[PDB]
Structure formats: structure tokens, C-alpha cells
Amino acid sequence: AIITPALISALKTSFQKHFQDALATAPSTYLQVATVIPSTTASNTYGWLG
Amino acid sequence: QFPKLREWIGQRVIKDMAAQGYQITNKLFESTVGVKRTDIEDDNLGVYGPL
Amino acid sequence: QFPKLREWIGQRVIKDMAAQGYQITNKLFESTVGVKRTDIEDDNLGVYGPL
Numbered sequence: 046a047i048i049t050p051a052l053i054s055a056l057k058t059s060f061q062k063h064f065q066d067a068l069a070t071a072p073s074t075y076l077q078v079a080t081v082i083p084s085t086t087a088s089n090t091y092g093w094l095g
Numbered sequence: 033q034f035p036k037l038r039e040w041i042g043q044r045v046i047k048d049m050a051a052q053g054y055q056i057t058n059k060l061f062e063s064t065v066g067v068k069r070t071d072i073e074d075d076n077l078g079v080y081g082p083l
Numbered sequence: 033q034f035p036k037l038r039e040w041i042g043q044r045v046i047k048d049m050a051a052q053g054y055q056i057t058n059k060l061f062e063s064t065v066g067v068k069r070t071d072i073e074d075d076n077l078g079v080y081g082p083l
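In order, the protein sequence lines correspond to chains L, E and H. For the first sequence, my numbering begins at 46 and goes up steadily by one. For the second sequence, my numbering begins at 33 and goes up steadily by one. For the third sequence, my numbering begins at 33 and goes up steadily by one.
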């Protein structure tokens, strides 16, 4: 006649991490639509002739 | 998950995450069938072999 | 405790037993003291040497 706190609830229970980091995020797709340009200062300026 | 990256304006803000849990308790099952030893041993049929 | 011993008259008695439980939660304590560097740490550890 063990008291409920020390029962299947807590005393008899094993922790498992099968659900961890299983639901993923949508795959990255920004490369297909955008291109990467590096920078090394506060801003970047672009110019073309015509 | 984490709070998504936001523009660093005004003052830094400390946020928090969430945790989840799920529990399920095992069950006990049984199945029994009764026969007589004389009946099974007095069995030249070959039946009652794959019991 | 286990059931008291019994004299045999015919059949055994299964009897039952019980269990108990006690729960405690922690606490956090601290104590802090403020000292300026020059006082003793750069001049001499005359006091708070055994801080």
C-alpha cells in the first residue's frame, strides 16, 4: 500500500528522450532565390554605368 | 524552440523557452488454454502438436 | 513492519503490508560582504586577512 507519490507516477518511471529534436524545420531555400554578398564595414554601395 | 532572431534595438531582452512531457503506463496481458496430459499423450493423430 | 509470527492452525494467512513517503524541497541561501580594493588588498591585509 505504497502512497501515490512513490508510485507509477514518480517511483516507477523511466525518462526517455525519443521525442527530442524530431520535429524538423522547413528546409532552407533562400539560396535558390538570393545570392550572398560579403561586407566588411558599416554599409555597401553598388554602382553601374548604363 | 527558441525565440526567433530579432533586430537589436533599444535594449536587450531576455526570453524563455517551453518544455513538454508525456506519460504512458504499461499493461499486463495473458492467455491460457487447458488440456489433459492423457489426452495429448494418447494422440497418434499428430494433431495438437503445434499447440 | 512485517506481520507478527503466528502459530500454525490449518492454513497460512497472507496478510498485507504498507509503505510510507516523505517529501522535502530545497532552499537557497547566501551572504555577501563589500570591501574596497585599496583598504587592505593593495595596502596590507591587517583586517579581513581571515575573511
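Where is the CB? At the ideal position from N, CA and C, for every residue including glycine.
Chain-ordered chain E contacts of residue i [CB-CB under 9 Å]
i	result
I82/L	Going along chain E, no residue has its Cβ under 9 Å from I82/L, so there is no contact; the nearest lies around 20 Å.
Closest by C-alpha distance to residue i, when choosing among the options
i	options	result
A55/L	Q43/H, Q55/H, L60/H and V45/H	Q55/H
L52/L	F34/E, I72/E and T57/E	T57/E
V65/H	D74/H, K59/H, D75/H and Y80/H	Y80/H
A67/L	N76/E, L77/E and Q33/E	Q33/E
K68/H	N76/H, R44/H and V45/H	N76/H
Chain H contact residues for residue i, given Cβ-Cβ distances below 9 Å
i	result
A46/L	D48, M49, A50 and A51
CB contact below 8 Å: residue i versus chain C
i	result
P50/L	Looking at the structure shown, chain C is missing, and the protein chains on hand are L, E and H.
Contacts that residue i makes with chain L (C-beta to C-beta distance below 9 Å)
i	result
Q43/H	Simply none; closest approach about 23 Å.
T70/E	Near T70/E there are no residues of chain L at all, since even the closest Cβ is about 44 Å away, more than 9 Å.
Cross-chain neighbours of residue i in chain L, by beta carbon under 7 Å
i	result
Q33/H	Neighbours of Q33/H on chain L: none; closest Cβ ~13 Å, over 7 Å.
8 Å Cβ cut-off: residues of chain L touching residue i
i	result
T57/E	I53
- prompt: Between the region 46 to 53 of chain L and the region 49 to 63 of chain H, are three or more C-beta pairs nearer than 8 Å?
  reply: Judged by Cβ distances under 8 Å, the region 46 to 53 of chain L makes contact with the region 49 to 63 of chain H, as three or more pairs qualify.
query: Which ranges would you report for the beta strand (DSSP E) in the region 34 to 69 of chain H if only whole runs of at least 3 residues count?
result: None, since the region 34 to 69 of chain H contains no complete beta strand (DSSP E) of that length.
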